[PDB]
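Per-chain residue numbering starts at 1, and chain names A, B, C, D, E, F, G and H are given in the order in which the chains are listed.
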Amino acid sequence: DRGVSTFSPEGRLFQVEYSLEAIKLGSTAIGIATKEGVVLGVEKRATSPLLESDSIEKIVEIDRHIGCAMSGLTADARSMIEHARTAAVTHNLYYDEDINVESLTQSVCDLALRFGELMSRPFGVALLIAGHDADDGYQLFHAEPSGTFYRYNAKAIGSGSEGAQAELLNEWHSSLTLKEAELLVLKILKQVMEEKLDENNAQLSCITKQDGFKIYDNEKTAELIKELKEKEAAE
Amino acid sequence: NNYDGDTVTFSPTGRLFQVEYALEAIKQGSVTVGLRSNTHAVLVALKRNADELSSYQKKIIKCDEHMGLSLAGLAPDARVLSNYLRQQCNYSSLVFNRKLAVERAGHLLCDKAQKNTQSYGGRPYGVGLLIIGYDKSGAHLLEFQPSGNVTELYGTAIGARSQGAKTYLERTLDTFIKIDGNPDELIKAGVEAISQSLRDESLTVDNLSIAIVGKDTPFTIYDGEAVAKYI
Amino acid sequence: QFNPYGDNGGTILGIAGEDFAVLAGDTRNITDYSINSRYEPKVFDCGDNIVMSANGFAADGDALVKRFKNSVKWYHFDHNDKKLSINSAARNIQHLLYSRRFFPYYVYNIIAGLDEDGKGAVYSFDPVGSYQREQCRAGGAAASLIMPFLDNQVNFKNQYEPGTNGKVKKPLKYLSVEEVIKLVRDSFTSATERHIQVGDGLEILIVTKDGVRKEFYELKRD
Amino acid sequence: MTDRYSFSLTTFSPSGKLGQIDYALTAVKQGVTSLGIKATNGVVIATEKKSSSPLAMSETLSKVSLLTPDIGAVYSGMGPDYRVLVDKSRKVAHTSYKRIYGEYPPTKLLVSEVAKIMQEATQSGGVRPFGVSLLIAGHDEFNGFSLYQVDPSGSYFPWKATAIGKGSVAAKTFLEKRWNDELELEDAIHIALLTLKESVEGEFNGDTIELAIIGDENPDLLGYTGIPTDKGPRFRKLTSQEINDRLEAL
Amino acid sequence: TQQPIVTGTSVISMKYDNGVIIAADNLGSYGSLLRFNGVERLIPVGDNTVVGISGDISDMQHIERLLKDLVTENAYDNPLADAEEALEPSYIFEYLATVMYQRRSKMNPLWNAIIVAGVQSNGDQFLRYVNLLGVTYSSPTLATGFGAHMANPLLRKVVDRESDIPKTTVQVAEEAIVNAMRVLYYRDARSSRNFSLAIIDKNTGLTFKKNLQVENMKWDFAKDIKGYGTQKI
Amino acid sequence: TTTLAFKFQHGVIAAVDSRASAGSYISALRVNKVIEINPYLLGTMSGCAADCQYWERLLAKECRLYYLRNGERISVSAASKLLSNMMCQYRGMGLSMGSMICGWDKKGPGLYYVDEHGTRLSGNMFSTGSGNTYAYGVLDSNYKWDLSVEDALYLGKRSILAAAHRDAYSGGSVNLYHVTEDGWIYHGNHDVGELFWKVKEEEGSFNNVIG
Amino acid sequence: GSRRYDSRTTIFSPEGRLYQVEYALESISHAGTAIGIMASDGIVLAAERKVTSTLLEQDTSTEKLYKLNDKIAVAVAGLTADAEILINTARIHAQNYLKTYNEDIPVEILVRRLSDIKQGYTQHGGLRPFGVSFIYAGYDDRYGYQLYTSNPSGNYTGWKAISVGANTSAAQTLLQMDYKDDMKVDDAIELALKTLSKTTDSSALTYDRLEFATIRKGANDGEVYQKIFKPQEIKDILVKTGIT
Amino acid sequence: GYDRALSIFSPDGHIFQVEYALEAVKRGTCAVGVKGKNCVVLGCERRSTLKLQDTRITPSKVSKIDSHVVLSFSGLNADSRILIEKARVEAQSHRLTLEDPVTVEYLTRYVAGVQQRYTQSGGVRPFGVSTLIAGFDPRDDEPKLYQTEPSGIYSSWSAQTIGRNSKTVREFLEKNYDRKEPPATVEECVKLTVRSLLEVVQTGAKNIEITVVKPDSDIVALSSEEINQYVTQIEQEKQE
């Protein structure tokens, strides 16, 4: 056939480029970073009404100060999360402190290109890693299967990503509040989702310095959705 | 064509296409410039962002107090190679109480890259490196290609549109080599060199990355408002 | 039979002030009844405003210091040039020591610096990795000669206020760097008189927010 | 380096055929004819010494080989494959039997060990099957005289008499007409020589024919005296003269 | 773990104003047997370093080969092997000290006591000790074995501290070293009269002196010594 | 050294001395012999301080990872078991560890003794160290399940004092901890020298000692 | 490198089938038919040797029926050499169990073990599967008399009566027609031979083309006896049942 | 060792080996899981192409992983045994190291992890198996039902079906299963499970297996006659 670590004539790794196509088929995940916190939101996308939607876990805690959202082949994310949690806790063991968000992200991205003929293929999932540390404040990173990670003020991944990213391009500014970010994620999720957005098929979360990483209750999110509907009807 | 499926295969004309494709990844990468005098050596790098919300990808990596490099191509491969350099620099210090010569560092990088071009299963590195350093024989600038070829130069550039900066340095050769004991003027020449590779975009405060090493100057990277002075 | 361990003598002393810290140690290196060197530095600046001394078997002490200095270097590389706090350094050293739990570094180690609130800090280690923060700690050969004196003159132990007759303790007033250095010098001058492995010279490293400063004093050479 | 062929080179085709085994059998078919006949008091195995050149000393090339003192082997197909199988068969008779039980293995079990080796070359990674069919003749106390065929697949069958290689189809028909359950060893040798003449084109004599027997114990070939229970090997290779003597009574 | 078989006794050394001096006798003892009389225990590395070794001779010969290989390896792909990137005393010492400590940490030591004497690129004197335990120390005077007990006291009378080094000439330093070697010959039962002496000076380079002998010895007073107390004859 | 811990109506008390000796020489007057694994788990320490510190801080890592994976706080039984299984790996190697794992989980307050042998015992009361026999005497004669938090704290405090007085290798100061379902609560450092005279006067005990 | 020559023996087809397993089953369909019939008082194993010769030494020959231990036997369909590898492994497993628990291995446990080995070759290793299908006839004190089959996929199932090898479609229909639950060994013996006689590709069914075995509690009192039939005994039972 | 990357991405971002493993599941006999208010029922299809089968000894479709958790599947039978064995070992390993039995979710997560591992490890192919894992957590009376598939994804279901014609029985369950009021009793839960299989099965004879799992390690498999009574009652109500 051909090597798994083969370069194309254009100078790209075939397998890495193909894994990016798998991520495009994944459900939408959006992250928005503010000076009051970073918000993470995901489309759950249940394949059937009999599937209990609260068992869909596409937003995950890595540490008290770091959260993570996923898009693509979500089964691949489990070992990445396990490594991230181990790296975060191990650093606390060695250094009696919280680990930097960038250092955590870099540790996850080191796994990415460990494939060949190590694992047999790249990961088929992209991660939005959000967190806070004392040195660089609130941060949002986009970790890819290429091993590359970009920091973002706001980022969307998944099937509705380019439409959402264009929307995030217009909406984001450096003075956003946490509440404004929450509604903004909900607004853009509602725009790109196939089914009508509600508290059962969409999930919110955030990371603040005080309270750390928190996944939002369906009751809490439902109120924010109702608040969104009213403010859009307000003009 | 039929001979580019893996790195272990020569073409009928004696070419290694996988290595050439890895070389192509460097050409897609953002421009970075290297140049030196007899007292200092300078790296200048144009960082690239994903979009307006994103950060600008870091291009320069410190290897020791007296050595470091800039990258163009696959960033993770630069991290692997720079980590290797950090270890080798460190082995020399711990075992021999000796700072690693820049020329020897180049020889080590050449040999590491070479092993990936002759064996089955692996792939060539998809990144180019510009290594600067100051050792017992003064200032140095190296250009690394993932073919294994390492070259000691007065100045150079790699990445997209790097030919413009390279021609400029070829003209300015006699001038910038003489900039001794003046770090700011040497950086200026590097910033002017990398400017010959720009189109549509210009050098902004979070776009530009500069590093310097010299006689009484540890390897230090300048980003953010620290490079506004040179814009 | 080959004995991989040895005893190079020496004595060290770390005292934590209110906004400073000192780590002192004699410069004499010995084996048995012979002097190897009258000036062989034992306390080192490891960077990030941290000073360190591994007293006991010099070969293991030099190896541990060398490794910790290396751990500082890689902490910078791995975590975006972040400053290594004294408490993080202490925890890291625990793991360096316990990696040899079954073939230990035969050294009693002390580090000194400032905590993240700017206050003086001293951490003390045993050969196998147990550690804890302290205000005052003497280590090495003449540790037993010095510590009782420091309990008395630094923490005012067994000292009460005249007139009360044991009812009111002497209040724990803070000491200046000049006061601490006097106690350090008198500690080593006294140790030098009654301990044969202590002498030749005394080197003190003082740590403040401004950085690391050194002071050297002669001791008796007999 | 490293052997990176850790996958099977013999695989089932859509029709259920194991190609490499079939092709190994084709190589055996091209090989020189060899045969075996079992008598009441012995077994004979025989083949043609197809000399590649007249300058070659064909005595130095042994197609019929002693495996144990009471077991012998002959082949058809690829000679080098046979030679290494004989080396392995001799060794396995010691390692997996004699060093355990203090005696040589019975014919059927040594055949079983050889068969296993050949089967493994049909399934293990990065190897082709052996391109030989073996005829193994032997004797042991509890089973008596026996003759076995072993194919490239590792399958083995016991025979009263059989032939393999070039003219096996014609030779097996010839043996069917002549064989009975009352043959003496000398009768089997006579039939072997008759059968073998049909497949031989050129010279037919003791120097161009290789023939051995499993028969009576040979105390003259033991090499020592003093132990009553040790009576000598039952395997014996016939000399060039001994073959020619029987070709006059042919 | 082993035991030393063929051994070399004291190595002595000291710093002076423009360089260092190092000396060691030419004997290879086999217990109390003075077996080998032509053993060179001072091994020069280039033109700026001399490594003096005591203890096990088979291990000394091994170290000698490591140093020889070090010079070969340093020259590889090194245009400045005879200039800026030549081996320094500090490089050579640190390498040996790394090896010695690693070997003791595997419980298979090189049964030696080593003194590396030399002059650095910048003209600084280098003098440092390392032994089978990986223990290192530096001093204006350094000596191994018996030399530590008898030579150091004499050499320290010349250079008692760092400030005495600039005041000490090569003639005074060599004289002190030569006297110390005589004292060791009087008092060390595993010493020989023949020795080697090396001077590494920042101006005059490496001067290696072979086939030296202890001379000007005092023995005449022995004729008057009779008995062990009461005997007069 | 003297450490104890016991279960009672409103949780578990944990009390320890503070002395460390190198032969007859008192190397430390103030070591922390309680390890704050996490906000709901405590570990006392006897034996080698390094083994206790290292393996129990590593236990905290495992307990935190457990909570992240399962989204639920680890039990005292499971935590104590993880620790005992670490010990069994270095079984025979020479580790020295004797600690009480104290906590509050679903089954209520919990207390497990764990040592280097791999022993793991559930119980209402434990005491380890060179002065444990003295502490057991005070505990056994005054312990009830019906104890108030105030009286229980004093009991553990008084039991350490008993050991500190008689045992030469126990003393310095007393560290108290109270473990609730909302987490552990630190109840201070108490100098034995000052505590002895205080208790002697108020309680009338230690008549034989002149004060 | 080596990848070029890799057939990839352990992959799914687009339809979700294992190529090599399917092709191994195709191979087995050309092997001599083997039949197993379970009765209330024992089990019968009957099998057809493939186009034999008159010069084949039948009385010392074994290509179909093998003994695993005193309580369990197997009938083989496919590559005989492949079968012997598995058979020896099964014999060792039975003895391992006996050594460990001091009890004879239950039939299913042995069957599961061999079937797991077959399975492994279809999922990992990159080797061709064993081209073998087994019929297991055995007895233990839990389930009594048991028949199982396993094929190259590593899948195994229990049966009252079953065939493997050639003409299993025709054979299974004939067995399904005449089999009853209250059947006895002597009746099962007859059914097996009658089924082979009708499904055989040969002109006539004779003793030299058959291997036969029974597992009976027809052993003196509460115990089980395995009987591998001799050539003369197969000739007698053929006359008794009225086939020759 | 054999290290060949069998599960790899294609240009369109698909891992065909994982997708072809799902086709093996599609071929497998139908399995269904329905959780009531105080129980979970696992129904399984038995294809009647195989008669003369010995049902005493033939591997049953539902397997106990522990005394309180069960596992059924659709797909390759041989593959499922490996997952079952691993699950059973992990269940005992958990009891031994943590002193509590596994939760149903934990056991599911483990099995799903094994399946995932076999989609990006060298030299191995994915499991051609989807599983339904059901039971009750220790000292808990809330029913649990999970599903896993070759890719390694898993999720909780009020009711779910896998295997051949699972599209049809899922269609039935989606219109017949009410979340606000799940089958209140064991009877209602079993009845709904049998009804769902009768949409696909053929004959309601020995083709339907039913296993009821109740809290506190109360697991029982229904017999032919017990199931036959459900089959009888369903069609008699249907004749109207």
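As a convention for this text, a residue touches a chain if its C-beta (ideal position, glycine included) is under 8 Å from a C-beta of that chain, and two chains touch if they have at least 3 such contacts.
Participant: Using each chain's Cα centroid, which is most distant from the centroid of subunit F?
Facilitator: Of all the other chains, the one whose centre lies farthest from subunit F is D.
Participant: Comparing chain centres built from Cα atoms against the global Cα centre, which chain wins on proximity?
Facilitator: A
Participant: For the pairs D-G and B-E, output the one whose chains share more C-beta pairs in contact.
Facilitator: Most C-beta pairs in contact, of the two: D-G.
Participant: Please compute the C-alpha centroid of subunit A, do the same for subunit D, then give the distance between them in whole Å.
Facilitator: Computed from C-alpha means, the inter-chain centre distance equals 71 Å.
Participant: What whole-number Å value describes the gap between the mean CA coordinates of subunit A and subunit H?
Facilitator: The separation of the two C-alpha centroids amounts to 32 Å.
Participant: Taking each chain's centre as the mean position of its Cα atoms, how many Å separate subunit B from subunit F?
Facilitator: 58
Participant: Once you find the CA centre of subunit B and the CA centre of subunit C, what distance in Å lies between them?
Facilitator: About 44 Å separates the centre of subunit B from that of subunit C.
Participant: Which residues of subunit B are in contact with two or more other chains?
Facilitator: Counting only residues that touch two or more other chains, subunit B contributes 6, 94, 120-121.
Participant: Touching at least two other chains at once: which residues of subunit H meet that condition?
Facilitator: Those would be 2-4, 6.
Participant: If a residue has to touch 2 or more other chains to count, which residues of subunit C qualify?
Facilitator: none
Participant: Sort out for me which residues of subunit A touch subunit B in the complex.
Facilitator: Contacts found on subunit A: 2-3, 5-13, 109-110, 112-113, 116-117, 142, 146-148, 150-155, 165, 168-169, 172.
Participant: Quick one: in the complex, what on subunit C touches subunit A?
Facilitator: Residue list for subunit C touching subunit A: 75, 78-80, 82, 85, 87-88, 90-92, 95.
Participant: Note which residues of subunit H are touching subunit F in the complex, please.
Facilitator: 97-100, 103, 106
Participant: Taking the touch rule as given, give the residues of subunit D at its contact with subunit G in the complex, in rising order.
Facilitator: Interface residues on subunit D, with respect to subunit G: 4-18, 38, 108, 112, 115-116, 118-119, 122-126, 143, 146-147, 153-155, 157-162, 172, 175-176, 179.
Participant: Any idea which subunit H residues touch subunit G in the complex?
Facilitator: Against subunit G, subunit H makes touches at 2, 4, 6, 16-17, 20-27, 50-59, 76-79, 81-82, 123-125, 127-128.
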